[PDB]
Amino acid sequence: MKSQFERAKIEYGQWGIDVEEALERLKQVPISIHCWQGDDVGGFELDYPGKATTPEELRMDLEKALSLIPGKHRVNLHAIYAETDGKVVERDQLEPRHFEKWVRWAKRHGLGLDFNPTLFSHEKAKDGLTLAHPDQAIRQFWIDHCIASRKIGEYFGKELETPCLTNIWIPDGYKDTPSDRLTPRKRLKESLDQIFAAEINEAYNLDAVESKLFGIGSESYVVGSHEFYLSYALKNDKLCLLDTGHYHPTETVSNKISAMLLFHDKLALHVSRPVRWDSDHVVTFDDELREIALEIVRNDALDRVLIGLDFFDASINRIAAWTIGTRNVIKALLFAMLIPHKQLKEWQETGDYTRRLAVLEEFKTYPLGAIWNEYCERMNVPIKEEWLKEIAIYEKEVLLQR
Amino acid sequence: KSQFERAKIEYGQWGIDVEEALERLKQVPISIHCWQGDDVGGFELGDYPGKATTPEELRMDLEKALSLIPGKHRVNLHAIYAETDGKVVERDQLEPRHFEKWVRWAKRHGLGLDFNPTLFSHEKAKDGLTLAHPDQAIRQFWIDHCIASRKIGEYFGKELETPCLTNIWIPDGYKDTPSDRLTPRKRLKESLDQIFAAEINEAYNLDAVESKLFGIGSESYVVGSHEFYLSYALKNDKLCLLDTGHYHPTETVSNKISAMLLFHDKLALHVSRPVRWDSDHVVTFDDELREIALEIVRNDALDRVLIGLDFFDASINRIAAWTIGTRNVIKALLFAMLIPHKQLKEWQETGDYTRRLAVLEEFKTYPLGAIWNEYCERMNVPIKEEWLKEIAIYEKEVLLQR
């Protein structure tokens, strides 16, 4: 087989694409994978079979997937994954102790940890408003929670010697047509001001705001819109986090990256396949994923774009969702590394649209597979479909016994 | 007129004061664009007949339309509308002297002027790049044209004692998939920086940037994107101009006003009807326009939102196009002012989504016509359809003879 790799490399090398430099480079990009795929977003507070229902089930499940995904990565956690020890602990009261085990496990595995406060599935979120709720006592609870979550993020970064991204997503909005779009937004601004009042060293923690266009039950209006967070983050030196499923029909995260890189040091990204609404299907190796990777790489933004997954498909093997999802994004970055950017750029500069079109096109049939397979061999994860066998045995022996 | 009086009582029962609304309405200026009158030809060195051919014709046509539009408004001029007395003047050499006849006309009619540099239909725009052209000599030339345009808007403001909005819209982009989305944008940023270097008093001039998603010739990519402009304008304390035809399918300006007023002092808005692309059909009294009006009125923003028209329809009478469109945005403002905000606000704060919905819906049949008709008589413009006569007469007696 390995001649295929040698032969593949001379094809890319005829363009001066150094595949050895690309693999060296790819090796180091971490992808933050999301814990909630493992237990259908259950968490530990107070239809496909085999989910995790237990911290020790979830960590094992994560290990299984990680061992099938080449490289070294991070795990992205939600506050409701706190380990309380059988004590009822309220969300405004969560503390570094409540994530001690996660941090120990991450250290053990060489992982980073990213965090999120949870502002859904909760008594105090029942009216569909949280940070932007009319009642001052509700807003304050959620504020205290977010502040607690930042503290927990600071804890992660200090402990793991890699900054944690603490991302705020709120569900706040209305099912139907609002009579006031201004007042809830105003309240959101005021809540976020208070959440970010205390400074945290950015070696330990970075904050992100995540917009959404609509959700089920928040259909006609959501408070934390794209224009809102884009202005807020820029005003207050915060990261925007972009979810490829959180935008308009035909709306493109690839088109935004480059523009944001001009005005923001760093940018955060959640990848998820939306199908007609924000369905959070599993990421696929598709045109827009390739296009994103091209922007990341082309723009020399590998350390500037913090790449994460977010999807929850309960219709298939969940270890498999993780392994497919993450291998696709890696494959896309690899493909983007294997593009002749200099010639493509020069062609664009000189108005040679004919060649720019032609080669972009011709590169879609370059031996990507052979480069992808060799990289899997060296990074000790199974090649091509062989990772399926590993999942089948773990389904039989572990998942199907639960 | 007793008809008016019964209507005033239906509204007054919610505590809406029609006389107060009418007096606020009378105050609001709408910026009417000159280029509808000559089909965007300008005066630089099949369809409906009798378009303006010369500035005197164009001014007559505008006077006519204005005579049918209730209130006191403004005219938005494009640089190609310079009067250069038979001389060729390059766009970078344009001075206030080339607009004194417009300013003398404006002053004599009590009109404000708004302005735009002209960055299209020119030898130096043939590649479909302008401020973002790879060639430094091209960029520099258009930079100079924009600077010179800011001085002209300054002239306007000094002269008319209302500040001029000088808006930048550029056609820059690529037909097909670009291989570099960042560098043209870095260039656009740099150009703009230069354009805005010289300070000018906000009493005389305000600058705005207009994002588009896409046009003919530029389908895949537009340098001056929404995200780009939003950040630019925020960092550099400049205005955003939103064009209701410049966005995604299902994407609304009405959902953005509230977010932007939370971070920008002032906003500009062009209204036009997009039919499936940025087609610039004549504005109609529709759902989104009403919803735009609602946002402006209920967010207290009648002095914060600079409202203008942008549309070029050649299939119908051009004076009618202005009178329909401006009459529609004024009609929509009136509509908004006659909505019981206080109660609807309070109901949302309360959770009474049933009354919010019911009542917004019942107001759809309130006697708007009777108020609108009274208004038009008070303001000395024909009522209902009767302005068609003046148009028919004008067409026979003037536009036939052209």
# chains A, B, ... in the order shown; residues from 1 in each chain; ligands from 1

call {"tool": "interface_residues", "arguments": {"of": "chain A", "to": "chain B", "cutoff": "7 Å", "atoms": "only C-alpha atoms", "output": "list in words"}}
result
residues 134, 179, 180, 181, 182, 185, 186, 227, 228, 231, 248, 249, 251, 256, 258, 259, 262, 263, 299, 344, 345, 348 and 349 of chain A

call {"tool": "select_by_dssp", "arguments": {"residues": "region 117-186 of chain A", "states": "strand (DSSP E)", "output": "ChimeraX atom specification"}}
result
/A:164-168,173-174

call {"tool": "residues_around", "arguments": {"residues": "residue 315 (chain A)", "least_positions_apart": "5", "cutoff": "9 Å", "atoms": "only C-alpha atoms", "output": "short mmCIF file (atom, residue, chain, number, x, y, z; two decimals) with C-alpha atoms, in the first residue's frame"}}
result
data_model
loop_
_atom_site.label_atom_id
_atom_site.label_comp_id
_atom_site.auth_asym_id
_atom_site.auth_seq_id
_atom_site.Cartn_x
_atom_site.Cartn_y
_atom_site.Cartn_z
CA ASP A 47 -33.85 6.74 20.85
CA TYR A 48 -30.72 4.58 19.84
CA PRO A 49 -29.72 2.33 22.83
#

call {"tool": "residues_around", "arguments": {"residues": "residue 16 (chain B)", "least_positions_apart": "6", "cutoff": "9 Å", "atoms": "only C-alpha atoms", "output": "MDAnalysis selection string"}}
result
chainID B and resid 8 337:340

call {"tool": "residues_around", "arguments": {"residues": "residue 117 (chain B)", "least_positions_apart": "2", "cutoff": "10 Å", "atoms": "only C-alpha atoms", "output": "ChimeraX atom specification"}}
result
/B:77-80,91-92,94,115,119-120,142-143,145-150,152-153,166-170

call {"tool": "write_last_selection", "arguments": {"atoms": "N, CA, C and O atoms", "output": "mmCIF file, in the first residue's frame"}}
result
data_model
loop_
_atom_site.group_PDB
_atom_site.id
_atom_site.type_symbol
_atom_site.label_atom_id
_atom_site.label_comp_id
_atom_site.auth_asym_id
_atom_site.auth_seq_id
_atom_site.Cartn_x
_atom_site.Cartn_y
_atom_site.Cartn_z
ATOM 1 N N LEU B 77 -28.431 62.277 -3.627
ATOM 2 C CA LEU B 77 -27.780 62.470 -4.908
ATOM 3 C C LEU B 77 -26.595 61.542 -5.071
ATOM 4 O O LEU B 77 -25.898 61.189 -4.093
ATOM 5 N N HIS B 78 -26.362 61.134 -6.305
ATOM 6 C CA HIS B 78 -25.194 60.353 -6.632
ATOM 7 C C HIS B 78 -24.206 61.263 -7.364
ATOM 8 O O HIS B 78 -24.639 62.198 -8.088
ATOM 9 N N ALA B 79 -22.907 61.002 -7.177
ATOM 10 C CA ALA B 79 -21.844 61.830 -7.774
ATOM 11 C C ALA B 79 -22.007 62.046 -9.280
ATOM 12 O O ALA B 79 -21.801 63.179 -9.770
ATOM 13 N N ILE B 80 -22.415 61.014 -10.015
ATOM 14 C CA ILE B 80 -22.637 61.158 -11.468
ATOM 15 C C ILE B 80 -23.711 62.217 -11.847
ATOM 16 O O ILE B 80 -23.939 62.512 -13.034
ATOM 17 N N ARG B 91 -13.997 61.882 -11.554
ATOM 18 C CA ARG B 91 -14.625 61.700 -10.253
ATOM 19 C C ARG B 91 -13.715 62.077 -9.096
ATOM 20 O O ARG B 91 -14.209 62.464 -8.037
ATOM 21 N N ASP B 92 -12.396 61.985 -9.276
ATOM 22 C CA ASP B 92 -11.516 62.423 -8.188
ATOM 23 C C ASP B 92 -11.341 63.939 -8.096
ATOM 24 O O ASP B 92 -10.849 64.437 -7.100
ATOM 25 N N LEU B 94 -13.939 66.086 -8.419
ATOM 26 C CA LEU B 94 -15.266 66.682 -8.168
ATOM 27 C C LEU B 94 -15.282 67.617 -6.972
ATOM 28 O O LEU B 94 -14.858 67.247 -5.880
ATOM 29 N N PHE B 115 -25.827 62.339 -0.034
ATOM 30 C CA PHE B 115 -24.858 62.137 -1.113
ATOM 31 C C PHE B 115 -24.248 60.728 -1.100
ATOM 32 O O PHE B 115 -24.298 60.002 -0.075
ATOM 33 N N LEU B 119 -19.254 54.602 -7.511
ATOM 34 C CA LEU B 119 -18.163 53.675 -7.679
ATOM 35 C C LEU B 119 -18.432 52.601 -8.714
ATOM 36 O O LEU B 119 -17.856 51.522 -8.648
ATOM 37 N N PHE B 120 -19.298 52.881 -9.668
ATOM 38 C CA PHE B 120 -19.645 51.876 -10.677
ATOM 39 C C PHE B 120 -19.710 52.572 -12.003
ATOM 40 O O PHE B 120 -19.531 53.789 -12.026
ATOM 41 N N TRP B 142 -10.061 55.882 -6.454
ATOM 42 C CA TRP B 142 -11.398 55.838 -5.861
ATOM 43 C C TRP B 142 -11.412 56.369 -4.444
ATOM 44 O O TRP B 142 -12.434 56.943 -4.027
ATOM 45 N N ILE B 143 -10.312 56.163 -3.703
ATOM 46 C CA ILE B 143 -10.143 56.800 -2.399
ATOM 47 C C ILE B 143 -10.383 58.312 -2.544
ATOM 48 O O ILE B 143 -11.240 58.900 -1.842
ATOM 49 N N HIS B 145 -11.839 59.996 -4.953
ATOM 50 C CA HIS B 145 -13.258 60.277 -5.251
ATOM 51 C C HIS B 145 -14.111 60.238 -3.977
ATOM 52 O O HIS B 145 -14.995 61.116 -3.782
ATOM 53 N N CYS B 146 -13.837 59.271 -3.079
ATOM 54 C CA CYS B 146 -14.661 59.240 -1.829
ATOM 55 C C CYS B 146 -14.396 60.422 -0.870
ATOM 56 O O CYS B 146 -15.325 60.967 -0.267
ATOM 57 N N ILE B 147 -13.124 60.768 -0.701
ATOM 58 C CA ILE B 147 -12.706 61.950 0.071
ATOM 59 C C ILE B 147 -13.397 63.212 -0.505
ATOM 60 O O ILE B 147 -14.075 63.957 0.219
ATOM 61 N N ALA B 148 -13.307 63.369 -1.824
ATOM 62 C CA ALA B 148 -13.928 64.492 -2.492
ATOM 63 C C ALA B 148 -15.408 64.469 -2.309
ATOM 64 O O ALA B 148 -16.024 65.525 -2.221
ATOM 65 N N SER B 149 -15.999 63.290 -2.241
ATOM 66 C CA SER B 149 -17.423 63.185 -1.958
ATOM 67 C C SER B 149 -17.780 63.581 -0.543
ATOM 68 O O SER B 149 -18.861 64.167 -0.286
ATOM 69 N N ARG B 150 -16.902 63.274 0.406
ATOM 70 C CA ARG B 150 -17.143 63.740 1.783
ATOM 71 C C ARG B 150 -17.116 65.259 1.870
ATOM 72 O O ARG B 150 -17.908 65.846 2.571
ATOM 73 N N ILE B 152 -18.012 67.344 -0.530
ATOM 74 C CA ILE B 152 -19.283 67.770 -1.100
ATOM 75 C C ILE B 152 -20.449 67.602 -0.105
ATOM 76 O O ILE B 152 -21.275 68.506 0.057
ATOM 77 N N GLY B 153 -20.541 66.460 0.569
ATOM 78 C CA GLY B 153 -21.563 66.311 1.621
ATOM 79 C C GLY B 153 -21.370 67.333 2.735
ATOM 80 O O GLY B 153 -22.322 67.779 3.349
ATOM 81 N N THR B 166 -23.303 61.002 3.704
ATOM 82 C CA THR B 166 -22.512 60.551 2.564
ATOM 83 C C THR B 166 -22.272 59.051 2.713
ATOM 84 O O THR B 166 -21.577 58.609 3.635
ATOM 85 N N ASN B 167 -22.887 58.270 1.835
ATOM 86 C CA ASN B 167 -22.919 56.818 2.019
ATOM 87 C C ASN B 167 -21.950 56.112 1.063
ATOM 88 O O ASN B 167 -21.933 56.414 -0.120
ATOM 89 N N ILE B 168 -21.139 55.170 1.554
ATOM 90 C CA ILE B 168 -20.297 54.458 0.614
ATOM 91 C C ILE B 168 -20.850 53.093 0.239
ATOM 92 O O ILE B 168 -21.031 52.197 1.091
ATOM 93 N N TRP B 169 -21.169 52.943 -1.039
ATOM 94 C CA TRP B 169 -21.511 51.621 -1.565
ATOM 95 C C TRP B 169 -20.598 51.252 -2.724
ATOM 96 O O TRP B 169 -20.449 51.984 -3.710
ATOM 97 N N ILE B 170 -19.975 50.091 -2.593
ATOM 98 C CA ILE B 170 -19.065 49.632 -3.620
ATOM 99 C C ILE B 170 -19.492 48.300 -4.222
ATOM 100 O O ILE B 170 -19.937 47.410 -3.511
#

call {"tool": "closest_atom_pairs", "arguments": {"of": "region 280-385 of chain A", "to": "region 74-85 of chain A", "cutoff": "12 Å", "atoms": "only C-alpha atoms", "output": "CSV"}}
result
residue,atom,partner,partner_atom,distance
A:306,CA,A:74,CA,10.7
A:307,CA,A:74,CA,9.9
A:308,CA,A:76,CA,7.9
A:309,CA,A:76,CA,8.8
A:310,CA,A:76,CA,9.4
A:322,CA,A:75,CA,11.3
A:326,CA,A:74,CA,11.5

call {"tool": "closest_residue", "arguments": {"among": "A:390, A:237, A:286, A:90", "to": "residue 123 (chain A)", "atoms": "only C-alpha atoms"}}
result
A:90

call {"tool": "closest_residue", "arguments": {"among": "B:266, B:334, B:5, B:54", "to": "residue 304 (chain B)", "atoms": "only C-alpha atoms"}}
result
B:266

call {"tool": "atom_distance", "arguments": {"atom1": "CA of residue 333 (chain B)", "atom2": "CA of residue 17 (chain B)"}}
result
14.5 Å

call {"tool": "select_by_dssp", "arguments": {"residues": "region 233-396 of chain B", "states": "alpha helix (DSSP H)", "output": "PyMOL selection string"}}
result
chain B and resi 233-235+254-260+287-298+318-337+341-350+353-362+368-378+387-394

call {"tool": "closest_residue", "arguments": {"among": "B:106, B:71, B:370, B:243", "to": "residue 28 (chain B)", "atoms": "only C-alpha atoms"}}
result
B:71

call {"tool": "closest_atom_pairs", "arguments": {"of": "region 167-249 of chain B", "to": "region 311-318 of chain B", "cutoff": "12 Å", "atoms": "only C-alpha atoms", "output": "Markdown table"}}
result
| residue | atom | partner | partner_atom | distance |
| --- | --- | --- | --- | --- |
| B:243 | CA | B:311 | CA | 10.3 |
| B:244 | CA | B:311 | CA | 10.8 |
| B:245 | CA | B:311 | CA | 9.6 |
| B:246 | CA | B:311 | CA | 12.0 |

call {"tool": "decode", "arguments": {"residues": "region 63-81 of chain A", "atoms": "N, CA and C atoms", "output": "mmCIF file, in the first residue's frame"}}
result
data_model
loop_
_atom_site.group_PDB
_atom_site.id
_atom_site.type_symbol
_atom_site.label_atom_id
_atom_site.label_comp_id
_atom_site.auth_asym_id
_atom_site.auth_seq_id
_atom_site.Cartn_x
_atom_site.Cartn_y
_atom_site.Cartn_z
ATOM 1 N N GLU A 63 -13.166 8.261 26.089
ATOM 2 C CA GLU A 63 -11.904 7.570 25.798
ATOM 3 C C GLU A 63 -11.975 6.702 24.545
ATOM 4 N N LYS A 64 -13.088 6.005 24.363
ATOM 5 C CA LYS A 64 -13.208 5.096 23.226
ATOM 6 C C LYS A 64 -13.079 5.883 21.916
ATOM 7 N N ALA A 65 -13.837 6.989 21.826
ATOM 8 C CA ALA A 65 -13.847 7.805 20.643
ATOM 9 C C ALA A 65 -12.476 8.452 20.427
ATOM 10 N N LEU A 66 -11.938 9.067 21.477
ATOM 11 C CA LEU A 66 -10.635 9.681 21.379
ATOM 12 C C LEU A 66 -9.616 8.685 20.850
ATOM 13 N N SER A 67 -9.694 7.432 21.268
ATOM 14 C CA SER A 67 -8.701 6.456 20.841
ATOM 15 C C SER A 67 -8.897 6.096 19.360
ATOM 16 N N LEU A 68 -10.008 6.523 18.755
ATOM 17 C CA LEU A 68 -10.235 6.314 17.325
ATOM 18 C C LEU A 68 -10.045 7.596 16.473
ATOM 19 N N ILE A 69 -9.677 8.688 17.117
ATOM 20 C CA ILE A 69 -9.565 9.967 16.436
ATOM 21 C C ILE A 69 -8.089 10.359 16.511
ATOM 22 N N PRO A 70 -7.441 10.612 15.369
ATOM 23 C CA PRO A 70 -6.019 10.828 15.435
ATOM 24 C C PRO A 70 -5.727 12.175 16.092
ATOM 25 N N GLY A 71 -4.615 12.250 16.828
ATOM 26 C CA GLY A 71 -4.185 13.490 17.431
ATOM 27 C C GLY A 71 -4.523 13.608 18.901
ATOM 28 N N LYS A 72 -4.342 14.834 19.401
ATOM 29 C CA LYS A 72 -4.562 15.191 20.787
ATOM 30 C C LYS A 72 -5.540 16.346 20.803
ATOM 31 N N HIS A 73 -6.583 16.239 21.633
ATOM 32 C CA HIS A 73 -7.702 17.174 21.574
ATOM 33 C C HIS A 73 -8.138 17.631 22.915
ATOM 34 N N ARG A 74 -9.333 18.192 22.959
ATOM 35 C CA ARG A 74 -9.884 18.782 24.156
ATOM 36 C C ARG A 74 -11.294 18.210 24.243
ATOM 37 N N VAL A 75 -11.907 18.376 25.415
ATOM 38 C CA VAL A 75 -13.254 17.960 25.698
ATOM 39 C C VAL A 75 -13.990 19.211 26.237
ATOM 40 N N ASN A 76 -15.172 19.463 25.679
ATOM 41 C CA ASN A 76 -15.988 20.649 25.969
ATOM 42 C C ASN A 76 -17.138 20.264 26.881
ATOM 43 N N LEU A 77 -17.283 20.932 28.011
ATOM 44 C CA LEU A 77 -18.198 20.441 29.029
ATOM 45 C C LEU A 77 -19.260 21.455 29.293
ATOM 46 N N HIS A 78 -20.432 20.985 29.736
ATOM 47 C CA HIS A 78 -21.501 21.837 30.238
ATOM 48 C C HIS A 78 -21.588 21.742 31.774
ATOM 49 N N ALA A 79 -22.037 22.817 32.417
ATOM 50 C CA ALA A 79 -22.107 22.910 33.875
ATOM 51 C C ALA A 79 -22.915 21.782 34.470
ATOM 52 N N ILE A 80 -23.986 21.350 33.791
ATOM 53 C CA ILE A 80 -24.809 20.273 34.299
ATOM 54 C C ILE A 80 -24.070 18.922 34.314
ATOM 55 N N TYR A 81 -22.843 18.874 33.832
ATOM 56 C CA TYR A 81 -22.006 17.683 33.961
ATOM 57 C C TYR A 81 -21.177 17.694 35.271
#
